[PDB]
Structures are given as structure tokens and as C-alpha cells.
Amino acid sequence: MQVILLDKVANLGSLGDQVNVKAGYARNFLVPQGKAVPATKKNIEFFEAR
Amino acid sequence: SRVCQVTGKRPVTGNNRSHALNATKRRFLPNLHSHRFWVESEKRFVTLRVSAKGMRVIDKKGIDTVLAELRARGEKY
RNA sequence: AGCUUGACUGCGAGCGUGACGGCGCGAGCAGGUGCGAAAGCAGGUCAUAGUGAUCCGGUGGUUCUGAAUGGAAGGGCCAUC
RNA sequence: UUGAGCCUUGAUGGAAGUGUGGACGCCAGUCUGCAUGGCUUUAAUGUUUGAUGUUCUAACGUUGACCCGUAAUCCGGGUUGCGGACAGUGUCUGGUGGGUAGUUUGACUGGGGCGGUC
RNA sequence: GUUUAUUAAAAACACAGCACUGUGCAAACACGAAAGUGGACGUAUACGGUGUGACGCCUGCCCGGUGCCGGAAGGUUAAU
RNA sequence: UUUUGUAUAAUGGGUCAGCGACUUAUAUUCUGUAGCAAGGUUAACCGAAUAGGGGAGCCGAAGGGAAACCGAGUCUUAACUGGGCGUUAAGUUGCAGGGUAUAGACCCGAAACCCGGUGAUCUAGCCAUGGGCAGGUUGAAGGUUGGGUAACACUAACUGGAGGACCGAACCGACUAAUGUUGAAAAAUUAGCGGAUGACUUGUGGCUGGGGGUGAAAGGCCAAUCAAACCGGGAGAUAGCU
RNA sequence: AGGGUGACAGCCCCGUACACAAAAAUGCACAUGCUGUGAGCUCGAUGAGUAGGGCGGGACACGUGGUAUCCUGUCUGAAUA
RNA sequence: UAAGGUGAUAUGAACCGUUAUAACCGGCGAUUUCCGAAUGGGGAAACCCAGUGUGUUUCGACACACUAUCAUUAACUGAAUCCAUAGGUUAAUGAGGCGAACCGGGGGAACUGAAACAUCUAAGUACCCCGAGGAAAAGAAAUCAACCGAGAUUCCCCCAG
Ligand SMILES: [Mg+2]
Ligand SMILES: [Mg+2]
Ligand SMILES: [Mg+2]
Ligand SMILES: [Mg+2]
Ligand SMILES: [Mg+2]
Ligand SMILES: [Mg+2]
Ligand SMILES: [Mg+2]
Ligand SMILES: [Mg+2]
Ligand SMILES: [Mg+2]
Ligand SMILES: [Mg+2]
Ligand SMILES: [Mg+2]
Ligand SMILES: [Mg+2]
Ligand SMILES: [Mg+2]
Ligand SMILES: [Mg+2]
Ligand SMILES: [Mg+2]
Ligand SMILES: [Mg+2]
Ligand SMILES: [Mg+2]
Ligand SMILES: [Mg+2]
Ligand SMILES: [Mg+2]
Ligand SMILES: [Mg+2]
Ligand SMILES: [Mg+2]
Ligand SMILES: [Mg+2]
Ligand SMILES: [Mg+2]
Ligand SMILES: [Mg+2]
């Protein structure tokens, strides 16, 4: 569960980095709260074009 | 029933075995939980009775796919 | 009492004794050894009690076996627990 | 607060003047710095990682309250208060476990038991 | 008062009274793989369990054993 | 029949008739017999279907050694004067029979264990809704009025009508006896007996299920069955016993 | 073949061998109509919470045994010609 | 197809037929009360009671038809919440129940054997359950082989107790 960010956020905030977050942190808060999204190897290209 | 809506995991029967190998019937049943999942693609939460792994699948494949299944298969949800 | 390792390894004509598993006695042959000047004697103790099948497993040895082939695991055999 | 590695805040294969506590220093260096002068133990900043303590909400609980389905003490959805990474559950695991189950508990013998014997 | 319908009606069981003990409520506890239900539309003057058995006068010593309650030290100890 | 031994007063049989217990299949070995012979024979299958085809294969002609391997020898040991097992006699396939193996394996018989069902029309307890208790006693609290107290206390009458209270029918029980015991009756009759406004008794209907129910507790009751109900099943359980 | 007929029937009866028969409805084959369906060539693509592993069981003739292999309740988790 | 028929116990009555509408046999139709999956609600099976539609030169009350549930699809409706969902009505399809074995799947005993008994056996048997077909299942190598080769699955005989 690496995911890519969206806004700032915690000791990793950056509007679009590849972090390595704990899954529960990921699929219970950030994504449902729209602060990140999974890095599904398709996603590692849209925020790897900027 | 204790069936994982994602994997179809259900209880399975096996044995106990003592140090003397006495067999006593028993069941392994799955690590169910039931969990509010955000879809966004429907602006709603859906509670699936899900196994860990069921979760780990949802993590990987991603919810909507999994939801294509279930619906593809007829699961209520 | 002196010197000593025959309380030796491989075998064994022929016997005794057991329902059987087994146990016992044994000259002699081969190799190597001790004591004796030598003929000789010694394969434990004057003899008859001092004991535990098989299985499972340990150890040492062993080119005997080695699931395509080379090895290895595992097995066998010999010794022993 | 705090266990422990690599990066990091520690060390190694403008001269000389005024010169004063500490050094695991068997058993106390008129020597160095304070303003000025032609790829580590003595411990601590960034981390990947345990133990404990506080705080938070966002999984999870709610056999509080209100709302709708709905004239419904079921269920669900919703709002909210409470609880909160606990509780509970799955797999694994040490303890306990006549609550429950399956069984064992020798033979001889001047009947059997007790004794004795094997 | 109750009991072995059909060889035992009693000194047995029950009983009110007594004591210990559990239980803060989503109670302990019981039926139940679970949902749930009883306990109770009760809440410690309540409820379960256990022993004793109206009343009167009373109920002494022993915690070494077994059990239970308490015990943030240390020794031994599972998966991992 | 069983026994050391039975007229035995030890078993079994009232009598007759019918039925009633060593089978079947597949393996293996021996005997007989048949075929062929250092060879014998095919299995499935094909099939002009008991033929014919099919020799996959099985047995035998070589043994010894754990084995590599060697071979009329081989193993043992450095090696046998040796020793162990072998070298000399024929095998094989049918058919009938004797044994054995696997099967219910000669026939009948348990007490039980497991599985799925059917039972609270009896009885136990509980839930709901309806019914019953002739007649006669006792006289609790309370009340009233006099007496009595400073007022209460207290006291006498009268009134009142308490109780798992009293005597006693219906009703509910079941202490004694006799009768009955192939009964009138698979638990009753007669004479006595207990309770009889209560933890009473009763009609209807409901709920609880088998290691489960229910139990004022006897292991009681759960349909004349109870230290684990009944029906069907595993099932021909197993029976070193009769 | 067989049955029947007053007892045992090739020739009494009903059959049997043999040869024939379907107005209608149907099984089965083909042949087409209608519906639904896709064929073909070029260039591509090649099955991840999976394989494997840890724990617990179960399957494989195989009882954890030196135990390959298969399945998975549980926690994990690749390479990609 | 036909000279005889109106099933049997089963006579009798009254009939019907003989050259083709007697009977009898076959194909296809028609009718087909009530209960039963039972399906309009209920229920002590074969009974009680409805809503709505139809129906009467005697247009009342009765008779008939339809109204179960679930699934799929559509349409129309439509909360908390405006969107949107859940919810609700209608409609079209299909399902439901029964049935001998064979078949695949979810569960799964004990007696018994071991001359006792735990491992082991009985045995993945008996039994319960779900599902399907005319057969089921299995199947087009991440299979064997052993350096030579074979070439999906299934069944039979060997290999071999
Ligand atoms: Mg290999
Ligand atoms: Mg026991
Ligand atoms: Mg037993
Ligand atoms: Mg004895
Ligand atoms: Mg009695
Ligand atoms: Mg009595
Ligand atoms: Mg108390
Ligand atoms: Mg007493
Ligand atoms: Mg006698
Ligand atoms: Mg005799
Ligand atoms: Mg006589
Ligand atoms: Mg006589
Ligand atoms: Mg006699
Ligand atoms: Mg009753
Ligand atoms: Mg009385
Ligand atoms: Mg009386
Ligand atoms: Mg009875
Ligand atoms: Mg029997
Ligand atoms: Mg049996
Ligand atoms: Mg592929
Ligand atoms: Mg009806
Ligand atoms: Mg109905
Ligand atoms: Mg036995
Ligand atoms: Mg090749």
C-alpha cells in the first residue's frame, strides 16, 4: 500500500508523492477522506507526469 | 452464514490430533469482520462481511472491480 | 610370585539341549600374540545364577544401494548403545 | 520517557603571550578553550523498529437519544452522544478442565477377595 | 405440606428462619455453533449459587493439606 | 446333550406334518485326473461368438548373496584343510476333491454402541383460560361503649370475622388389615384411615425431547417401557459362551 | 416358437415363418425456412493476493517420516521467456 | 377393425348394432368437481372467508375469472437528504413440488478388527444434506519418461498382493 497523495497531510504531505503508508491508515482514512489513492501502476504515471 | 462475500471462504472441517494423535472433529472458520467500505464511485458506504484477505484483495484489485463481481454473481450487497 | 593381554579376529569336523526362538560343549584349520630352555598351555575366571526377543532410534565403520545423471538424503551390511 | 543499526549532532590508516574545577584517570598534568593574537563507547539530531504513558478520530462497539423506510420495542439507512484502536472475533498458543466422552484397572488361587507368588 | 404411578409416606424432600458466596446490569447464571431468549419490562431491601433448617441458649481450637480471594518483585515457562 | 461319570431326582422335547443349519465367489497349496512337455498357458479384447484370433502376461527351465555382482556355482574371510545355501528327480494348464486366506463363511441367541426420525391424548413441571369445596366450630387484628389512667398503658362487655385454624360429606389422597393373586381388576374390592379456603383441587388448550426433558429429590416420571424412551437404519454388531 | 381346445394336435382354433400396412402424432437422422449466434484475414495478447513460504489440518497406497507432490483455515508473497 | 355389443364381482332390466356414426383397438382433440407445491387470505388436507372484475327482456345475492412468494428485466413511482439511493405499485418471463437407481458436491458415525485398548481399523462406509444429467464426472500436459521415447479424459486386463 504505497498510494499517491493529494493535499498536504501528516509527516509525508506533498500534493503527490509515492509514500508507503500502513493500509489501515490508507483504506480507512486517506482515500475515504480523499487525501490519497492507491498506486495501481496506472496511478504511478498520472502523478509521475508532474 | 459465515461466508466471506469476496473470496467465498466458508468454514471447513478438519481434525484436532493430540500428542497421541487422537482425532476430534473440528472446524476452521474464516476471519470474518463486516466493514464499512467507501466507494466514492457511488458516493456511499457499503458494509461487506469480509475476510481479512477479503480486505487484502479489495486493497489490490480495488473495490469497484470486486463489486463488479458479486453483482456479476448476484450477491445482494 | 615373575613376565604378561589368548577376556585375540576369521572359521569350525562332530556333539549336547530345546515345540520353537534359542542356549551349550568342542578338537582342528588360517592370521597374529603371550608365557616357557622346551614338550606345551592360553578363544576369560573350579563349574552350574549375575538376565531381556522384535520394533523404533543413536553412534562409528563400510564405493554395497543411490527413483533422469553426478552427488547427497535415506536404506543395507559390520560393530555398538 | 525510552531499546537498537546505517545518514547525522563524535574522530583517523595569522606562531608565542595573561595559563584557573572534571578525565574507569592502583593514587588529583602552572596543560588546553572561553573575548581576544602577524568511517565510535563516554552520547543525541533525521530515520525504518519494539516497551510503557498521555492525546486524537477514522476503522470497530453501543441492549443512549432523535429521524426515515413505517402507524413496526425486528432489521437497515441517517444524524448524534458515549466508548475507541480498547472491546470483540479468526488462526495459532501455554494454563485449567469428570462439565463431557472413550477406555484401562493382570494371572495363578484347593470358591473369590485380602496375603503371597510370577 | 412433598415423595419411590405398581412391596418404602418416614426420622427422607420441602419449608419459613439462618449464614456464606457470586452478581453494577449488555448483571452473574442458564438454553443456544449463532441470532436471540429467560434472569426481568427486575437493579444489591435485587437476583443466582451453596449449606443449614421454626423457636430457645448457643456455635470453641486448627489455614499444615486441598480449594478459593489477594499479591506490577523475582525463578521456570507456549506460539512467535 | 453334556460329562471323569447320567435310569438319574442334571439339559431339551405334549404329539403330528411342513420348514430348519458347512454355502458362494475369488486367491493359494496339496491329492486325484486329463492335455502337452523343457516347455506349459493365455487375460482383456476381436469374433465367422463354447470355434478361430490375441502370448500383454504368468509359471518353469539357476542358483548364491542384504547388495553391487558372480554363476554350476556362490556366499562367508586376507584366505579357506573349510563351512552355509545350491548343482542330481519336470514343469505347466484345465477339471473334481482335501485344507488355508478374504468375505456374515456351519445355523439360531445377547446385554449394548452409532445414525435419522416419531412421542408431554399417561406422567413431571410450567403457561393461559374456565369450574368445585354439604353442614358444624374456634373467635386473631380492628371497632364501640363503660371502668381506668395526667394522657397512654390497662380492663370488662359487646361488636368484628383472622387462619398452609378446628370437626366433617362432596372432591383430593393412599397409613392398617383381610380378600383377591389362571383377579371382577396387568395394581383393585370391603372395613377402618389422611387432607378437606389451600404449597388445595379440577375441565380445556399450550410449551419443554432422549445423555435431552421434567423432578418439594425416589434414579421419580417422560403413553402398562427408563442408571438413558419408542420406531427405522448401520445389521447377518461382536459372542474364545450355551 | 408357443398357447388353447372334454387325455399328449405341424394339418380344429389363436399363432408361427414369410410378405405386407399409417389417416394422425411422435423418437432419430439428414435437407432447408425463421430466430438467436458468431465465421474470416492482418497485427496483437498469454490468466498475482496467484506460485512459493510460515502455522494448523486434509488429500495422495505413503500414519511427518530423510517425504517430494496436491488442497487450504491462518499470516505472508514472487518471477513473467 | 367389425357381427355382435352396454368394464368386473353379476345375474337381471332396458337397450344398441349386423356393410358401416354398434362395440372394440390406435393417433390427435374436448371435458377435466374438491384437496394436495396449492399460489387470493385462513385452515384441524378434501373445508371457512374475501378484494376486483365481469353475468342476468325476474340486471338484488350468488356464480365465474383473476389477486402467493422469490428471481430477472422494464416501466411508473419515490424517504431520512435535494441531488441519489433504499422503499412502494404494475408488468413480462422463469423458479417452486414429485420421482427407483446410477452421478458430482457439503457433512459424516459406531458396532467391529487389533484376540484388551488410545494410534491404526471398520471408512470417507452407513446416514443427513444440496445439485444435475441421460448419463454424471473427468479431459486437450506447467503429464510421464530417462538422454531412447511417449503424447487429452474415461473403462478393461496386466504390472502385483
Ligand atoms: Mg531425483
Ligand atoms: Mg468417563
Ligand atoms: Mg470400543
Ligand atoms: Mg483370577
Ligand atoms: Mg409404592
Ligand atoms: Mg405406601
Ligand atoms: Mg443471598
Ligand atoms: Mg434434615
Ligand atoms: Mg458334573
Ligand atoms: Mg469326554
Ligand atoms: Mg447307566
Ligand atoms: Mg422320574
Ligand atoms: Mg431329565
Ligand atoms: Mg400432559
Ligand atoms: Mg385446615
Ligand atoms: Mg377436617
Ligand atoms: Mg410409564
Ligand atoms: Mg447375532
Ligand atoms: Mg459391520
Ligand atoms: Mg498460460
Ligand atoms: Mg387456498
Ligand atoms: Mg395458503
Ligand atoms: Mg477390539
Ligand atoms: Mg526429443
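Residues numbered from 1 in each chain as written, not as in the entry; some residues may be left out. Chains lettered and ligands numbered in written order. Part of a larger assembly, values for the part shown. Heavy atoms only, no water.

J.: I would appreciate a short explanation of the interface of chain B and chain A in the present structure.
T.: For interface size, the figure often reported is the accessible area lost on association. Counting from both sides, the interface comprises six residues of chain B and, opposite them, six residues of chain A. A buried area of about 510 Å², summed over both sides, lies between chain B and chain A, and 49% of it is on carbon and sulfur atoms. On the chain B side of the interface with chain A, the three residues burying the most area are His35, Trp38 and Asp59 of chain B, jointly 66% of the side's total. Viewed at the interface, chain A and chain B are joined by zero salt bridges. At the junction of chain B with chain A, the criterion picks out one residue pair in polar contact. Of all the secondary structure elements, the ones that give two or more residues to the side of chain B that touches chain A are β3 (35-38) and α1 (54-61) of chain B. (Contact = heavy atoms within 4.5 Å. Buried area = accessible area lost by both parts, 1.4 Å probe. Salt bridge = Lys/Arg side-chain N within 4 Å of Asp/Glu carboxyl O. Polar contact = N/O pair within 3.5 Å; in protein donor to acceptor, adjacent residues only side chain to side chain. Helix = DSSP H or I, 4+ residues; strand = E, 2+ residues; numbered from the N terminus.)

J.: How should I be thinking about the environment of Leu5 of chain A in this particular structure?
T.: All names here are of chain A. You can see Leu5 is positioned in strand β1 (residues 4-5). On the basis of relative accessible area, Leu5 is assigned to the buried category, the value being 0%. Between the alpha carbons of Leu5 and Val37 there is a distance of 6.6 Å; along the sequence they are 32 residues apart. Those residues in contact with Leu5 that sit more than four places away from it in its chain are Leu12, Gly13, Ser14, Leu15, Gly16, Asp17, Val19, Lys35 and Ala36. (Buried < 20%, exposed > 50% of the residue type's maximum accessible area, 1.4 Å probe, protein only.)

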